[PDB]
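Note that ligands are numbered from 1 as they come in the structure, with each ligand's atoms numbered from 1 the same way. Naming: A, B, ... by sequence-line order, numbering from 1 per chain.
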Amino acid sequence: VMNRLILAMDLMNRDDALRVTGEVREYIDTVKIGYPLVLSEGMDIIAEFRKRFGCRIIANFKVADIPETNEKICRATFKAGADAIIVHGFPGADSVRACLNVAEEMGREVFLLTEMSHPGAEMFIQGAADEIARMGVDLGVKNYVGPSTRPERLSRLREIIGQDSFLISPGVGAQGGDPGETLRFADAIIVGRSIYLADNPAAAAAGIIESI
Amino acid sequence: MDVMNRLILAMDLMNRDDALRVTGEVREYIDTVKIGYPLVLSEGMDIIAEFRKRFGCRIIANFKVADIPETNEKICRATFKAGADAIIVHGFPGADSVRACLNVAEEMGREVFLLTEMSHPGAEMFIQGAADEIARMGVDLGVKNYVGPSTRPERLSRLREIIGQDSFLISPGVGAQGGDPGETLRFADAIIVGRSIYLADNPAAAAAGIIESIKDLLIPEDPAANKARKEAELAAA
Ligand SMILES: O=c1cnn([C@@H]2O[C@H](COP(=O)(O)O)[C@@H](O)[C@H]2O)c(=O)[nH]1
Ligand SMILES: O=c1cnn([C@@H]2O[C@H](COP(=O)(O)O)[C@@H](O)[C@H]2O)c(=O)[nH]1
């Protein structure tokens, strides 16, 4: 099946970002580009990564606005070339639907963020996570994001979304999540700092590929 | 901060030429412009510095920051380096995520606006239920600027009760979203208007008309005087 390792490229300058992604090109086929890089180098960086690496791109933009603005953000992001975009479910169904409509029109994918992996996630997001996942199912969402740091929550999310839904999980490495335990429930893991901060990113990526 | 005429333009057009033209047509009425991702993702972050260079207006980056602490810090640094005076941050992700933003703003001398409740229908599903707690979290963290819904003025008064009168509160949803400017300005310090102005056949006339409606509420310009006014409005509410 698919490669189970996704690189979160959150370096903030083009030279370092391109150099490091190039070094691990052999180990990953999907790169998640977020605002740290986009706000520092521009949306054109998406097209450049696709040209240089031939990878799929997930725009980790945590879309969380009203429907009208969400539609605009998705349209600009897919025109820039991203294959998928990560959307927050907490702002509600209408906001998620606006994203899905644009994705359906352009043949792209929406990933719904159900529960985040950081400590602060326990304050409000965790309590809404199961309902958000259910909302996703009701809306026809097929791609989800869940926390590597809480495997029991990942298990519960998997129960709600089913075996056919695709689940990716961040929080591996720097945040404390374990690749193996995470992959008992998620289809793929997201790894950022553990790879990109390393003196030898290729060796770091290779090591993760090894343990899984 | 003090917002001229209590009106903030939400400039969500997606091309530079139209955005600069409309803002230029209404600059005599406002001194605060809110720029979000529709414009930034289309024209680049350099658009913020261009607006500051051209108009001298205050710029609030409406980025709805909602990531983990580490990423939030990066987004705020990049945004403030680009010229934004303030940034809007979501509180649903928790206290550590908001704190990360506040620390950068404190270090760089900028401001953080905490979004407590959104104005769209979907806000009722999860946000509204967490809104009072998010506002209290903001108070506990030292947050001094907030965003609340013009579409639910009664929710705004409750929010105002939690944050006090010294906190600055702005509110979107007026115009296209159907929000009530009059009831909203009993509680918020300023309203945000996007489409009703930028999609108008004459943006300047649209802005002028809204300001006339605001001036008719007889809201004091002096902060101390409006504080007294707001205290009485809240007691009545
Ligand atoms: O619940 C979470 C936690 N983290 N991330 C993102 O995944 C990456 C994780 O990076 P890291 O491996 O360096 O901690 C970063 O881009 C981060 O914003 C999410 O999208 N959701
Ligand atoms: O709770 C809300 C609702 N809307 N907005 C934003 O405020 C503006 C309102 O625009 P409008 O006047 O065209 O409806 C847009 O930029 C929108 O993303 C918020 O920040 N928070």
Side-chain angles (χ1 to χ4, degrees), chain A residues 6-11 31-37 58 60-62 64-73 86-88 91 95 111 113-121 125 129 145-150 153 168-177 189-197 208, chain B residues 8-13 34-39 60 62-64 66-75 88-90 93-94 97 113 115-120 122-123 127 131 147-152 170-179 191-199 210:
Chain A
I6 295 168
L7 173 66
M9 180 34 64
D10 297 309
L11 287 175
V31 175
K32 192 171 66 51
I33 291 179
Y35 282 136
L37 183 54
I58 292 170
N60 192 345
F61 292 177
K62 303 294 194 301
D65 216 303
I66 62 180
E68 290 87 348
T69 295
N70 275 14
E71 181 181 331
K72 290 176 180 177
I73 292 170
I86 288 170
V87 174
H88 264 299
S95 289
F111 276 73
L113 180 44
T114 62
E115 174 167 343
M116 293 179 77
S117 65
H118 65 300
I125 293 167
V145 185
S148 173
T149 55
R150 304 187 189 96
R153 292 294 305 142
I168 62 176
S169 186
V172 176
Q175 298 179 61
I189 50 170
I190 289 153
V191 179
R193 285 165 289 175
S194 290
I195 291 166
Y196 75 68
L197 286 189
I208 296 166
Chain B
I8 296 171
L9 172 69
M11 178 33 61
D12 295 311
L13 286 174
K34 194 172 67 58
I35 292 172
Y37 287 136
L39 184 54
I60 296 172
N62 195 343
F63 290 179
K64 303 289 191 307
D67 215 301
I68 63 175
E70 304 97 298
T71 298
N72 273 19
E73 187 193 341
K74 294 181 179 174
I75 294 169
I88 291 170
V89 174
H90 264 299
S97 289
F113 276 76
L115 180 48
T116 66
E117 178 171 343
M118 288 177 78
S119 62
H120 67 299
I127 293 173
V147 187
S150 70
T151 54
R152 303 193 191 94
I170 66 181
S171 179
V174 170
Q177 297 182 61
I191 51 164
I192 290 154
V193 176
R195 288 166 285 173
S196 284
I197 288 168
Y198 71 71
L199 294 185
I210 291 170

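Contact annotation: the side chain of A/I58 never approaches that of A/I190 to less than 4.5 Å [non-hydrogen atoms, C-beta and beyond]. Residues A/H88 and B/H90 have side chains not in contact (no heavy-atom distance under 4.5 Å, counting atoms from C-beta outward). Side-chain contact check for B/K34 versus B/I88: some heavy-atom pair is nearer than 4.5 Å.
Contact between B/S150 and B/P172 at its shortest, heavy atoms only, is OG-O, 2.7 Å. Taking all atoms of both residues into account, the shortest heavy-atom contact from A/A174 to A/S194 is N-OG, 3.2 Å. Nearest approach of B/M118 to A/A64, heavy atoms of both residues: CE-O, 3.8 Å.
Under a 4.0 angstrom heavy-atom cut-off, B/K34 registers as being in contact with ligand 2. Under the 4.0 angstrom criterion for non-hydrogen atoms, B/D67 is in contact with ligand 1. At least one heavy atom of A/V172 lies less than 4.0 angstrom from ligand 1.
Near B/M118, meaning under 4.0 Å from any of its heavy atoms, are these atoms of ligand 2: 1 (O). Proximity to B/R195 (heavy-atom distance under 4.0 Å) selects the following atoms of ligand 2: 11 (P), 12 (O), 13 (O), 14 (O). Proximity to A/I66 (heavy-atom distance under 4.0 Å) selects the following atoms of ligand 2: 3 (C), 4 (N). The contact set between ligand 2 and B/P172, taken as ligand atoms under 4.0 Å from a residue heavy atom, comprises 1 (O), 2 (C), 3 (C), 4 (N), 5 (N), 7 (O), 19 (C), 21 (N).
Annotation: A/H118 places no N or O atom under 3.5 Å from an N or O atom of ligand 1; distance criterion only. In terms of polar-atom proximity, defined here as any N/O pair under 3.5 Å, B/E117 makes no such contact with ligand 2. Annotation: A/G192 places an N or O atom under 3.5 Å from an N or O atom of ligand 1; distance criterion only.
For A/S169, there are no side-chain hydrogen bond (donor to acceptor under 3.5 Å, both in side chains) partners two or more places apart in sequence or in a different chain. Shown here are the side-chain hydrogen bond (donor to acceptor under 3.5 Å, both in side chains) partners of A/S117, two or more places apart in sequence or in another chain: A/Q175.
The protein non-hydrogen atom at the shortest distance from atom 9 (C) of ligand 2 is B/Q177 NE2, 3.7 Å. Protein heavy atom nearest atom 1 (O) of ligand 2, with residue, atom name and distance: B/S119 N, 2.7 Å. B/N62 ND2, 3.7 Å is the protein heavy atom nearest to atom 6 (C) of ligand 2. Counting protein heavy atoms only, atom 19 (C) of ligand 2 is closest to B/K64 NZ, 3.4 Å.
Side-chain N/O atoms of B/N62 and B/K64 include a donor and acceptor closer than 3.5 Å.
Panel note: side chain B/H120, backbone A/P91; a donor-acceptor pair is recorded below 3.5 Å.
Nearest to atom 16 (O) of ligand 2 by heavy atom, out of B/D12, B/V193, A/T69, A/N70, is B/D12.
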